[PDB]
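1. Need coordinates for the below:
(chains A, B, C, D, E, F, G and H, ligands or ions: 16)
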Amino acid sequence: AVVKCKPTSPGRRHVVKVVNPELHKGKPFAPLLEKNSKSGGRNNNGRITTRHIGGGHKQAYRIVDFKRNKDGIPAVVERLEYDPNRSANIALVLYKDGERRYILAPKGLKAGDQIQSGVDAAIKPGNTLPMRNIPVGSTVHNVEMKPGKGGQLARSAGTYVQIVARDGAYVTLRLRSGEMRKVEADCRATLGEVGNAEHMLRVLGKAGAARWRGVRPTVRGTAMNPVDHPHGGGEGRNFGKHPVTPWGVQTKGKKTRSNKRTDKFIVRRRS
Amino acid sequence: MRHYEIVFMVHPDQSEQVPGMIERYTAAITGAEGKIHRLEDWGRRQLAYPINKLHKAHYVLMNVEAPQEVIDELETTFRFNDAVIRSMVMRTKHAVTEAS
Amino acid sequence: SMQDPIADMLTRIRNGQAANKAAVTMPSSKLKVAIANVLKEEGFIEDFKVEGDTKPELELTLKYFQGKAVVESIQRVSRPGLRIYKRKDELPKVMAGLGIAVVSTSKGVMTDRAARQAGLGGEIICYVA
Amino acid sequence: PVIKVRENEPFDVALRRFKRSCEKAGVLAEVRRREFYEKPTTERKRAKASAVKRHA
Amino acid sequence: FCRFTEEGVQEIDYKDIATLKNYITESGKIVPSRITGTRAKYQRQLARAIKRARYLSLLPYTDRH
Amino acid sequence: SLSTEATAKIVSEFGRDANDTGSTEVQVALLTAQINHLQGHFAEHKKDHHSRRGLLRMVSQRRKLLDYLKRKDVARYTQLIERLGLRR
RNA sequence: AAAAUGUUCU
RNA sequence: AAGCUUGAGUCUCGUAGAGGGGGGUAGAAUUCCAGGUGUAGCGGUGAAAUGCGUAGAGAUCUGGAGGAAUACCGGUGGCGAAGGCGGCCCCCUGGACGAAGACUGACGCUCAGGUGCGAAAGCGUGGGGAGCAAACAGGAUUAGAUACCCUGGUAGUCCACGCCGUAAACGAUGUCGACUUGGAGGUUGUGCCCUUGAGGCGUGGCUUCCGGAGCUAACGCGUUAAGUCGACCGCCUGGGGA
Ligand SMILES: [Mg+2]
Ligand SMILES: [Mg+2]
Ligand SMILES: [Mg+2]
Ligand SMILES: [Mg+2]
Ligand SMILES: [Mg+2]
Ligand SMILES: [Mg+2]
Ligand SMILES: [Mg+2]
Ligand SMILES: [Mg+2]
Ligand SMILES: [Mg+2]
Ligand SMILES: [Mg+2]
Ligand SMILES: [Mg+2]
Ligand SMILES: [Mg+2]
Ligand SMILES: [Mg+2]
Ligand SMILES: [Mg+2]
Ligand SMILES: [Mg+2]
Ligand SMILES: [Mg+2]
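-> Numbering: from 1, shown residues only, chains lettered A, B, ... in the order given. Ligands and ions are numbered 1, 2, ... in the order given. Now the structure:
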């Protein structure tokens, strides 16, 4: 549940802890861990490409199975685990062949529940079938955009995708933003909503928490001098120009998609 | 073990599959030791209005004495299956063996 | 609930009188029976019949002198929510002795006059006029 | 109120029949009722009034 | 004159459309009890049956489709 | 509310002879069992207020029964509570 | 569709 | 201290019900989107204008999306402690009523403090958002019009979990019990009867209307009382201030 902390200190006052006692209180499954070093938001050129990234806490990358290739082999869920690399929780699952894999934990899924991938697999949360097989109406998550590639849509705490239609070889997905999107019906999609939906109710309560997550302080343009950011300078608090990025592009409303390769797939834009 | 008056109408093109489906249902019912007190295939009847987008549908009345779980399963199956268009599980006092 | 039986009985009697009922029946009780007897003695009803073994029904036969009720009024003075006990000196008289006060005394249920004569009083069960 | 003119039948008569059918249905009345929202309370009151009237 | 009562039925059948569609008008509306002279309980049952039929598409909701 | 068979079983357990169904203890058991049955439902359905009202009433009745038992004969009451696992 | 008001005490 | 069965409960079998909670779905309709047909109006009102419309509106057909509410049935009909509860289906679930019988044996009633529920609005977080619609805007009307009318239109209305705790939350009528003339119904049981036919004779539950005695300031109430009494609690003591 969500847990509003008592205000024994300022900083602890506004904290709301999304507690989840079914998560594994211990070291995660070591084979599926790999090293994931932090960037600081810095590319091969060493330059801060993306600002407000750094410090953080050391994290170990969980090799989460987004592809779901183990067709026909059912898998029992061993334990829900904390994944620091995503807002979702990750269920460690034991396939009957012997293999262990992490999956995004769905909403209703928990230790002891069985899951299954492939065409034959039954329609119940955690099961992964091509969207030709999944019925229209369904809330699905971890949806693949290209078949066999890996689930790219709806992986965040409490997200999902409504399958809204199947006009031939393409199913239409009502994405979590509202963007209606044609995806091939051969693309896999894990039944249910990804399950950590109370995640959004967590409030950090202090700057430190943000820092822990890896989020360095964001200085406002307007706070700076003209040389650094368009919203720069002014004796006192001036701001007599239209909101723009640090690189001069308008920020309140100006659409920045210019793909054209994938406009075919976008049925209706989000609004 | 309560009784259930089920009536479901199947897509008219899938009429050839219907008997098989019925059989399967019966098996399921019996799987958890339940009875099937009547089973009337009315066949393709003219609908009063077009459900989904067709004017005829293949009706199947079927009365059961079964547990809850089995009924739930049946319902789920119905929901899944595009062949069946409408189902209507009803609770019924008595076995209601007589013909309609 | 039936939280005063005597009172209820009295009410029934009164209602009978009002509505010209030849008889008035109710669940019998020893106290109730005594009261009935007292009433009979004093002159306000004809006869009482306690009919039954397991569930005895007290059935009072009401009087109607000249097309009107004999029982002019019949009020409980003592009642469960407030009991009224009078000493011999305190003892009441209903309509200056033209009407009776049924009083329960250590030597039986009786009209107030009787009690006075005896040299005692007690729970003034009901004024009957 | 679906109508169709049968073989050898006047127009006026047909129209009349249609009107009758409509009346039976209570279409116009229904429409009127649904022109504006009546508060449930108001509706109840109206019903009560009607009932009272009926008690002649 | 209530027919159901006369018949001696425990419950009206939604499947028996021939009986039901006497008690629904041409447009598809459920006919009043006061008009048909049905008993109140029976009327409710009848209504329910009609509804069921409509759902299953034996009777129509309205005379449009 | 309560299944017939269950009720019968309860009666058998608590009532002295099979037709002894009004016995205070038996009644209490019936109530208690019913309460237990409902507890799960209530947990599932927190906002079902009307149903809860009934449950509350039942509980009250049970309490009353217990009280009645206690004054008449304490030992029996003590036994009964032990049997049921009633707190007090 | 639109139609406000009438000084006090007798 | 011992009992008894009338009060109060329990069990058996049924009964009707928009009782409550959860979940499914159905059709009609409004809205929006896309596409077709088509052309100068549509829309609105008292009349207008704002508004929408030659960029093709409105009308009209097709396909879709969504949300909300459930026509008819529907009824001084029903159920619920009151608030309230209305498509159909399922799962969980509370109560009521009757039929007989069996059992418990006063276990009752009422209840300050306390606890719970409690329309609508409102508030909190997250969803949702068609229609309606405070606020707001414009158009009217007007002497003015911070309104009524029109056009739009946000919060809200919807859902989830909390809080709020009030309403003409009214039957302006506390709860439980008894008793007292009747009629007309409604509703829902049930026993009896050649059902010789939709009927006849009862007996219960709940309930609308009239009306007798009686009560009342009168209005009225009147077997569901505001009659006659009993138990318990609540509340009132001129108006304004408040
Ligand atoms: Mg940033
Ligand atoms: Mg910030
Ligand atoms: Mg900043
Ligand atoms: Mg500076
Ligand atoms: Mg610059
Ligand atoms: Mg300045
Ligand atoms: Mg029930
Ligand atoms: Mg005995
Ligand atoms: Mg509200
Ligand atoms: Mg307006
Ligand atoms: Mg204005
Ligand atoms: Mg809100
Ligand atoms: Mg108040
Ligand atoms: Mg009212
Ligand atoms: Mg009041
Ligand atoms: Mg009257």
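
2. going forward, measure contacts and count neighbours with C-alpha atoms only.
-> Noted.

3. Compute the number of surrounding residues for residue A:195.
-> Neighbours of residue A:195 under the rule other Cα atoms under 10 Å in any protein chain shown: 25.

4. That one against residue A:105, yeah?
-> Yes. The pair residue A:195 / residue A:105 is scored as a contact, 5.6 Å apart, by Cα atoms under 8 Å.

5. what do these two both touch?
-> The overlap between the contact sets of residue A:195 and residue A:105 (Cα atoms under 8 Å, 6 or more residues apart in numbering or on different chains) consists of A:88-89.

6. Mind telling me what element the residue of the stretch 51-200 of chain A at minimum distance from ligand 3 is part of?
-> Relative to ligand 3, the nearest point of the stretch 51-200 of chain A is residue A:52 (10.5 Å; Cα to the ion). Residue A:52 belongs to no helix or strand when elements are defined using DSSP states H and E.

7. Give me the nearest residue to residue E:46, chain neighbours excluded.
-> What sits nearest to residue E:46 in space, not counting adjacent residues and going by Cα to Cα, 6 or more residues apart in numbering or on different chains, is residue E:12, at 5.7 Å.

8. Look through chain E and state the residue closest to ligand 3.
-> Using Cα to the ion, residue E:55 is the residue of chain E that sits closest to ligand 3, at 58.9 Å.

9. So that residue versus residue B:87, what's the distance?
-> As for residue E:55, its distance to residue B:87 is 10 Å (criterion: Cα to Cα, to the nearest Å).

10. which one of these two has more residues nearby?
-> Taking other Cα under 10 Å, residue E:55 and residue B:87 do not tie; residue B:87 has more neighbours (20 against 16).

11. For the residue lying closest to that one once chain neighbours are set aside, list the residues it contacts.
-> Nearest residue to residue B:87, sequence neighbours excluded (Cα to Cα, 6+ apart): residue B:8, at 3.9 Å. With contact taken as Cα under 8 Å, 6+ apart, residue B:8 is in contact with B:59-61, B:84-88.

12. now the helices for the chain?
-> By default, I'm working from chain A. Using DSSP state H, the helices of chain A run over A:207-213.

13. wait, I meant chain C there
-> For chain C, helices defined by DSSP H occupy the ranges C:5-19, C:30-42, C:112-118.

14. Out of those helices, the one nearest residue A:227 is which?
-> helix C:5-19 (100.4 Å; Cα to Cα).

15. List the buried residues in that closest one.
-> Neighbour-count burial for helix C:5-19, counted by 16 or more other Cα atoms under 10 Å in any protein chain shown, picks out C:5-7, C:9-14, C:16-17.

16. try stretch F:39-58
-> Buried residues in stretch F:39-58, counted by 16+ other Cα under 10 Å: F:42, F:52, F:55, F:58.

17. Quick one: check that stretch for contact with RNA strand H.
-> Yes. Using Cα under 7 Å from any atom of the strand, stretch F:39-58 comes into contact with RNA strand H via F:41, F:45-55, F:58.

18. Show me what the helix or strand containing residue B:59 packs onto, helices and strands only.
-> Element membership for residue B:59, per DSSP H and E: strand B:54-65. Contacts defined by 3 or more Cα pairs under 8 Å, 6 or more residues apart in numbering or on different chains; DSSP states H and E place strand B:54-65 against strand B:3-10, strand B:35-51.

19. quick revisit: as CSV, the helices of chain C with distance to ligand 3 would be great.
-> Shown next, in CSV, are those (distance: least, Cα to the ion, whole Å):
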stretch, distance to ligand 3
helix C:5-19, 84
helix C:30-42, 91
helix C:112-118, 98
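
20. Which one of those helices lies nearest to residue E:23?
-> helix C:5-19 (51.6 Å).

21. follow-up on the earlier one: show me the contacts for the residue of the stretch 51-200 of chain A closest to ligand 3.
-> A:41, A:214-218.

22. Adding distance to residue D:23 and neighbour count, write those residues out as TSV.
-> What follows is the contacts of residue A:52, written out as TSV (distance: Cα to Cα, whole Å; neighbours: other Cα atoms under 10 Å in any protein chain shown):
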residue	distance to residue D:23	neighbour count
A:41	75	15
A:214	73	19
A:215	72	18
A:216	74	18
A:217	74	13
A:218	72	9
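
23. Out of these, which is nearest to residue C:64?
-> Of all the contacts of residue A:52, residue C:64 sits closest to residue A:215, with 101.9 Å by Cα to Cα.

24. thinking again about what came up before, burial count for the residue nearest to residue E:46?
-> Neighbours around residue E:12, by other Cα under 10 Å: 19.

25. Might you report the residue contacts of it?
-> Here residue E:12 is in contact with E:4, E:42, E:45-46, E:49 (Cα under 8 Å, 6+ apart).

26. Next, check the residues you listed against the helices and list the overlap.
-> E:4, E:42, E:45-46, E:49.

27. So which of these wins on neighbours?
-> Counting neighbours by other Cα under 10 Å, the top entry in those is residue E:46, with 23 neighbours.

28. thinking residue A:106 is in contact with residue A:195, fair?
-> Yes. Under the criterion of Cα under 8 Å, residue A:106 makes contact with residue A:195 at 4.3 Å.

29. Quickly find the element holding residue F:35.
-> helix F:24-44.

30. about what we covered before: for the helices and strands packed on strand B:54-65, which one ends up most surrounded?
-> The highest average neighbour count among these, using mean count of other Cα atoms under 10 Å in any protein chain shown, belongs to strand B:3-10 at a mean of 22.

31. Just list what whatever helix or strand comes next after that strand packs against, helices and strands only.
-> Under the assignment DSSP H and E, the closest C-terminal helix or strand after strand B:3-10 is helix B:18-31. The contact analysis (3+ Cα pairs under 8 Å, 6+ apart) places helix B:18-31 against strand B:35-51, helix B:68-80.

32. Compare these and report which one is nearest to chain D.
-> Closest of the helices and strands packed on helix B:18-31 to chain D is strand B:35-51, at 14.9 Å (criterion: Cα to the nearest Cα).

33. just how off-centre is the closest one within its chain?
-> Relative to its chain's centre, strand B:35-51 lies at 8 Å (Cα atoms, centre = their mean, to the nearest Å).

34. how about residue C:104, what does it touch?
-> Per Cα under 8 Å, 6+ apart, neighbours of residue C:104: C:110, C:121-125.

35. any idea which residue sits dead centre in chain D?
-> For chain D, the residue nearest the mean C-alpha position is residue D:26 (2.0 Å; Cα atoms, centre = their mean).

36. Then chain A?
-> residue A:156 (3.1 Å).

37. Tell me the most packed of the contacts of residue B:8, by neighbour count.
-> Highest neighbour count within those: residue B:59, with 26 neighbours (other Cα under 10 Å).

38. so the closest residue to it other than its chain neighbours bridges to which residues?
-> In space, residue B:59 comes closest to residue B:9 once its chain neighbours are excluded; the distance is 4.1 Å by Cα to Cα, 6+ apart. Beta-bridge pairing for residue B:9 (DSSP bridges): residue B:59, residue B:86.

39. now do residue A:189
-> Note on residue A:189: beta-bridge partners by DSSP bridges are residue A:129.

40. Number of residues surrounding it?
-> Neighbour count for residue A:189, taken as other Cα under 10 Å: 35.

41. tally of neighbours for residue 80?
-> Assuming you mean chain A. 25.

42. The intended chain is chain F.
-> Using other Cα under 10 Å, residue F:80 has 19 neighbouring residues.

43. I'd like to know how far it sits from residue F:14.
-> Shown here: residue F:80 relative to residue F:14, a distance of 9 Å by Cα to Cα.
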